[PDB]
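Reproduced below: final-v8.pdb, with PDB, C-alpha atoms and all ligand atoms.
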```
ATOM      1  CA  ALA A   1       0.123  14.544  -5.667  1.00  0.00           C
ATOM      2  CA  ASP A   2      -3.385  13.661  -7.164  1.00  0.00           C
ATOM      3  CA  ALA A   3      -5.407  11.622  -4.694  1.00  0.00           C
ATOM      4  CA  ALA A   4      -8.298  11.158  -6.999  1.00  0.00           C
ATOM      5  CA  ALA A   5      -6.017   9.692  -9.711  1.00  0.00           C
ATOM      6  CA  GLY A   6      -4.378   7.589  -7.015  1.00  0.00           C
ATOM      7  CA  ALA A   7      -7.657   5.811  -6.206  1.00  0.00           C
ATOM      8  CA  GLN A   8      -7.430   4.073  -9.581  1.00  0.00           C
ATOM      9  CA  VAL A   9      -3.815   3.038  -8.930  1.00  0.00           C
ATOM     10  CA  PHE A  10      -4.950   1.632  -5.598  1.00  0.00           C
ATOM     11  CA  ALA A  11      -7.787  -0.396  -7.159  1.00  0.00           C
ATOM     12  CA  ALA A  12      -5.352  -1.871  -9.714  1.00  0.00           C
ATOM     13  CA  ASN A  13      -2.371  -2.576  -7.451  1.00  0.00           C
ATOM     14  CA  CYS A  14      -3.211  -2.518  -3.727  1.00  0.00           C
ATOM     15  CA  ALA A  15      -6.752  -3.666  -2.964  1.00  0.00           C
ATOM     16  CA  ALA A  16      -5.964  -7.400  -2.991  1.00  0.00           C
ATOM     17  CA  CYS A  17      -3.816  -6.857   0.110  1.00  0.00           C
ATOM     18  CA  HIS A  18      -5.352  -3.661   1.515  1.00  0.00           C
ATOM     19  CA  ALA A  19      -9.107  -3.803   0.760  1.00  0.00           C
ATOM     20  CA  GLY A  20     -10.942  -1.343   3.016  1.00  0.00           C
ATOM     21  CA  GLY A  21      -7.697   0.260   4.100  1.00  0.00           C
ATOM     22  CA  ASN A  22      -6.917  -2.848   6.161  1.00  0.00           C
ATOM     23  CA  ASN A  23      -4.044  -5.327   5.818  1.00  0.00           C
ATOM     24  CA  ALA A  24      -4.904  -8.897   4.955  1.00  0.00           C
ATOM     25  CA  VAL A  25      -1.315 -10.096   5.574  1.00  0.00           C
ATOM     26  CA  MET A  26      -0.310  -8.178   8.765  1.00  0.00           C
ATOM     27  CA  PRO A  27      -3.638  -7.047  10.298  1.00  0.00           C
ATOM     28  CA  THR A  28      -2.166  -4.469  12.723  1.00  0.00           C
ATOM     29  CA  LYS A  29      -0.430  -2.515  10.009  1.00  0.00           C
ATOM     30  CA  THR A  30      -3.457  -0.973   8.349  1.00  0.00           C
ATOM     31  CA  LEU A  31      -3.726   2.149   6.200  1.00  0.00           C
ATOM     32  CA  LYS A  32      -5.708   4.031   8.876  1.00  0.00           C
ATOM     33  CA  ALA A  33      -4.254   7.235  10.284  1.00  0.00           C
ATOM     34  CA  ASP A  34      -3.432   5.872  13.735  1.00  0.00           C
ATOM     35  CA  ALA A  35      -1.741   2.728  12.463  1.00  0.00           C
ATOM     36  CA  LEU A  36       0.292   4.644   9.866  1.00  0.00           C
ATOM     37  CA  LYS A  37       1.714   7.009  12.503  1.00  0.00           C
ATOM     38  CA  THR A  38       2.629   4.036  14.693  1.00  0.00           C
ATOM     39  CA  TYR A  39       4.128   1.677  12.103  1.00  0.00           C
ATOM     40  CA  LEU A  40       5.052   3.314   8.756  1.00  0.00           C
ATOM     41  CA  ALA A  41       8.821   3.887   8.446  1.00  0.00           C
ATOM     42  CA  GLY A  42       9.924   7.499   8.267  1.00  0.00           C
ATOM     43  CA  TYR A  43       6.468   8.880   8.942  1.00  0.00           C
ATOM     44  CA  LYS A  44       6.410   7.262  12.409  1.00  0.00           C
ATOM     45  CA  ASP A  45       9.683   9.010  13.341  1.00  0.00           C
ATOM     46  CA  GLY A  46       8.710  12.449  12.029  1.00  0.00           C
ATOM     47  CA  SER A  47      11.442  12.590   9.386  1.00  0.00           C
ATOM     48  CA  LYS A  48       9.097  12.023   6.406  1.00  0.00           C
ATOM     49  CA  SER A  49       5.625  13.277   5.551  1.00  0.00           C
ATOM     50  CA  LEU A  50       2.893  10.677   5.211  1.00  0.00           C
ATOM     51  CA  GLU A  51       2.782  11.040   1.491  1.00  0.00           C
ATOM     52  CA  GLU A  52       6.619  10.708   1.080  1.00  0.00           C
ATOM     53  CA  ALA A  53       6.744   7.711   3.389  1.00  0.00           C
ATOM     54  CA  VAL A  54       3.982   5.954   1.446  1.00  0.00           C
ATOM     55  CA  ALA A  55       5.714   6.717  -1.850  1.00  0.00           C
ATOM     56  CA  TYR A  56       8.995   5.331  -0.521  1.00  0.00           C
ATOM     57  CA  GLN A  57       7.392   2.104   0.727  1.00  0.00           C
ATOM     58  CA  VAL A  58       5.443   1.595  -2.514  1.00  0.00           C
ATOM     59  CA  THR A  59       8.587   2.163  -4.574  1.00  0.00           C
ATOM     60  CA  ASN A  60      10.908   0.018  -2.479  1.00  0.00           C
ATOM     61  CA  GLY A  61       8.708  -2.509  -0.681  1.00  0.00           C
ATOM     62  CA  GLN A  62       8.835  -3.466   3.013  1.00  0.00           C
ATOM     63  CA  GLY A  63       8.839  -6.903   4.596  1.00  0.00           C
ATOM     64  CA  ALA A  64       6.250  -8.977   2.848  1.00  0.00           C
ATOM     65  CA  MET A  65       4.978  -6.019   0.824  1.00  0.00           C
ATOM     66  CA  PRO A  66       6.452  -6.082  -2.710  1.00  0.00           C
ATOM     67  CA  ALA A  67       8.253  -3.181  -4.342  1.00  0.00           C
ATOM     68  CA  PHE A  68       6.556  -1.370  -7.232  1.00  0.00           C
ATOM     69  CA  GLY A  69       9.524   0.605  -8.582  1.00  0.00           C
ATOM     70  CA  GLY A  70       9.976  -0.565 -12.199  1.00  0.00           C
ATOM     71  CA  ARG A  71       6.260  -1.832 -12.249  1.00  0.00           C
ATOM     72  CA  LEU A  72       4.478   1.551 -11.873  1.00  0.00           C
ATOM     73  CA  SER A  73       5.152   4.958 -13.324  1.00  0.00           C
ATOM     74  CA  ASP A  74       6.536   7.768 -11.172  1.00  0.00           C
ATOM     75  CA  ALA A  75       3.213   9.617 -11.385  1.00  0.00           C
ATOM     76  CA  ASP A  76       1.224   6.513 -10.411  1.00  0.00           C
ATOM     77  CA  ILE A  77       3.377   5.987  -7.323  1.00  0.00           C
ATOM     78  CA  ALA A  78       3.116   9.656  -6.332  1.00  0.00           C
ATOM     79  CA  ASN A  79      -0.643   9.634  -6.885  1.00  0.00           C
ATOM     80  CA  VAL A  80      -1.345   6.430  -4.940  1.00  0.00           C
ATOM     81  CA  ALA A  81       0.660   7.921  -2.049  1.00  0.00           C
ATOM     82  CA  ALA A  82      -1.592  10.998  -2.188  1.00  0.00           C
ATOM     83  CA  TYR A  83      -4.644   8.706  -2.143  1.00  0.00           C
ATOM     84  CA  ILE A  84      -3.416   6.898   0.971  1.00  0.00           C
ATOM     85  CA  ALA A  85      -2.663  10.192   2.700  1.00  0.00           C
ATOM     86  CA  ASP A  86      -6.069  11.674   1.809  1.00  0.00           C
ATOM     87  CA  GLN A  87      -7.975   8.557   2.819  1.00  0.00           C
ATOM     88  CA  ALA A  88      -6.142   8.304   6.153  1.00  0.00           C
ATOM     89  CA  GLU A  89      -6.017  11.981   7.120  1.00  0.00           C
ATOM     90  CA  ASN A  90      -9.684  12.501   6.341  1.00  0.00           C
ATOM     91  CA  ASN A  91     -10.865   9.169   7.808  1.00  0.00           C
ATOM     92  CA  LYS A  92     -12.431   8.025   4.510  1.00  0.00           C
ATOM     93  CA  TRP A  93     -11.717   4.307   4.582  1.00  0.00           C
TER      94      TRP A  93
HETATM   95  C1  LIG B   1       0.253  -7.788  -0.363  1.00  0.00           C
HETATM   96  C2  LIG B   1       1.114  -8.742  -1.182  1.00  0.00           C
HETATM   97  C3  LIG B   1       0.620  -6.328  -0.470  1.00  0.00           C
HETATM   98  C4  LIG B   1       0.563  -5.528  -1.588  1.00  0.00           C
HETATM   99  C5  LIG B   1       0.389  -5.902  -3.023  1.00  0.00           C
HETATM  100  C6  LIG B   1       0.713  -4.165  -1.127  1.00  0.00           C
HETATM  101  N1  LIG B   1       0.941  -4.119   0.254  1.00  0.00           N
HETATM  102 FE1  LIG B   1       1.122  -2.527   1.393  1.00  0.00          FE
HETATM  103  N2  LIG B   1       1.632  -3.695   2.930  1.00  0.00           N
HETATM  104  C7  LIG B   1       1.620  -5.067   2.965  1.00  0.00           C
HETATM  105  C8  LIG B   1       2.194  -5.522   4.222  1.00  0.00           C
HETATM  106  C9  LIG B   1       2.375  -6.999   4.589  1.00  0.00           C
HETATM  107  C10 LIG B   1       2.557  -4.453   4.909  1.00  0.00           C
HETATM  108  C11 LIG B   1       3.298  -4.383   6.229  1.00  0.00           C
HETATM  109  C12 LIG B   1       4.798  -4.146   6.026  1.00  0.00           C
HETATM  110  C13 LIG B   1       5.544  -4.228   7.329  1.00  0.00           C
HETATM  111  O1  LIG B   1       5.960  -5.308   7.680  1.00  0.00           O
HETATM  112  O2  LIG B   1       5.648  -3.197   8.018  1.00  0.00           O
HETATM  113  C14 LIG B   1       2.151  -3.304   4.132  1.00  0.00           C
HETATM  114  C15 LIG B   1       2.189  -1.990   4.570  1.00  0.00           C
HETATM  115  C16 LIG B   1       1.741  -0.895   3.871  1.00  0.00           C
HETATM  116  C17 LIG B   1       1.718   0.474   4.379  1.00  0.00           C
HETATM  117  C18 LIG B   1       2.040   0.832   5.796  1.00  0.00           C
HETATM  118  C19 LIG B   1       0.957   0.429   6.759  1.00  0.00           C
HETATM  119  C20 LIG B   1       1.360   0.524   8.226  1.00  0.00           C
HETATM  120  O3  LIG B   1       2.509   0.472   8.574  1.00  0.00           O
HETATM  121  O4  LIG B   1       0.379   0.643   9.115  1.00  0.00           O
HETATM  122  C21 LIG B   1       1.295   1.261   3.357  1.00  0.00           C
HETATM  123  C22 LIG B   1       1.159   2.745   3.329  1.00  0.00           C
HETATM  124  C23 LIG B   1       1.047   0.381   2.225  1.00  0.00           C
HETATM  125  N3  LIG B   1       1.301  -0.927   2.553  1.00  0.00           N
HETATM  126  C24 LIG B   1       0.590   0.794   0.996  1.00  0.00           C
HETATM  127  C25 LIG B   1       0.408  -0.021  -0.124  1.00  0.00           C
HETATM  128  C26 LIG B   1       0.011   0.500  -1.421  1.00  0.00           C
HETATM  129  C27 LIG B   1      -0.379   1.905  -1.686  1.00  0.00           C
HETATM  130  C28 LIG B   1       0.051  -0.603  -2.272  1.00  0.00           C
HETATM  131  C29 LIG B   1      -0.243  -0.652  -3.736  1.00  0.00           C
HETATM  132  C30 LIG B   1       0.738   0.117  -4.605  1.00  0.00           C
HETATM  133  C31 LIG B   1       0.438  -1.742  -1.457  1.00  0.00           C
HETATM  134  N4  LIG B   1       0.638  -1.372  -0.138  1.00  0.00           N
HETATM  135  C32 LIG B   1       0.522  -3.053  -1.903  1.00  0.00           C
HETATM  136  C33 LIG B   1       1.198  -5.889   1.917  1.00  0.00           C
HETATM  137  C34 LIG B   1       0.893  -5.467   0.649  1.00  0.00           C
END
```
Write out the structure in this file as structure tokens.
Amino acid sequence: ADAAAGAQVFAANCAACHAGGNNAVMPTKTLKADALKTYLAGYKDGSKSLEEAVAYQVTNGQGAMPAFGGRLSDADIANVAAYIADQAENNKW
């Protein structure tokens, strides 16, 4: 999906909890490449790509992280997942 469009979704919906690619709530579980591969459901087990696993967790929530299905459009969810994947894979945080 469109990482550049996803940056705007991130600023509007994710930066209060994840400024800098970190995690204000659960500090280990950051948005950096190494942390994602260790802790993000589906991606950590190899059964999902990074981008799919991010999209799933944004849509459905996890733990203390709220769900965004019904709050964000399909394209916005897909695009923010692409932003996370691009930021992490290319070490841009
Ligand atoms: C604070 C109320 C949050 C908001 C809003 C968003 N996220 Fe979040 N996220 C939060 C927590 C507490 C956690 C950990 C969940 C758990 O217990 O495992 C997460 C996790 C993620 C992850 C995975 C990180 C990892 O496992 O290392 C991703 C990819 C993620 N969050 C993305 C994300 C996006 C894109 C958001 C805006 C749509 C978003 N989160 C909001 C807390 C909060």
Next item on the list: Return as number ranges by chain the residues of protein, DNA or RNA that approach ligand LIG 1 (chain B) to within 6 Å, with only C-alpha atoms and all ligand atoms taken into account.
Entry: A: 10, 13-14, 17, 25-26, 29-31, 35-36, 39-40, 54, 58, 62-65, 80
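Residues matched by the PyMOL selection byres (((chain A and resi 21) around 9) and not hetatm) in this file are residues 15, 18, 19, 20, 22, 23, 30, 31, 32, 84, 87, 88 and 93 of chain A.
Atom CA of residue A:1 is found 17.2 Å from atom CA of residue A:68.
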Next item on the list: May I have the residues within 8 Å of stretch 69-77 of chain A as a ChimeraX atom specification, using only C-alpha atoms and disregarding those fewer than 6 positions away in the same chain?
Entry: /A:5-6,9,55,58-60
Item checked: Separation of atom CA of residue A:91 from atom CA of residue A:33, in Å and rounded to one decimal ->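 Those two atoms sit 7.3 Å apart.
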Check: Which of these residues is nearest to residue A:49, using all atoms listed in the file: A:3, A:81, A:11, A:16?
Finding: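 Among the listed residues, A:81 lies closest to residue A:49.
With only C-alpha atoms as the atoms that count, the minimum distance from residue A:57 to the choices A:78, A:38, A:2, A:8 is reached by A:78.
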Around all the atoms of stretch 58-69 of chain A listed in the file, draw an axis-aligned box and extend it by 6 Å on each of the six sides; I want its centre and edge lengths in Å to one decimal, as AutoDock Vina command-line options.
```
--center_x 7.9 --center_y -3.4 --center_z -2.0 --size_x 17.9 --size_y 23.1 --size_z 25.2
```
Item checked: Long-range neighbours of residue A:42 as a list in words, 6 Å cut-off, only C-alpha atoms, 4 positions minimum in chain ->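 Final neighbour list, sorted by chain and number: residues 47, 48 and 53 of chain A.
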Notebook entry, point to check: In Å to one decimal, how far is atom CA of residue A:7 from atom CA of residue A:45?
Noted result: 26.3 Å
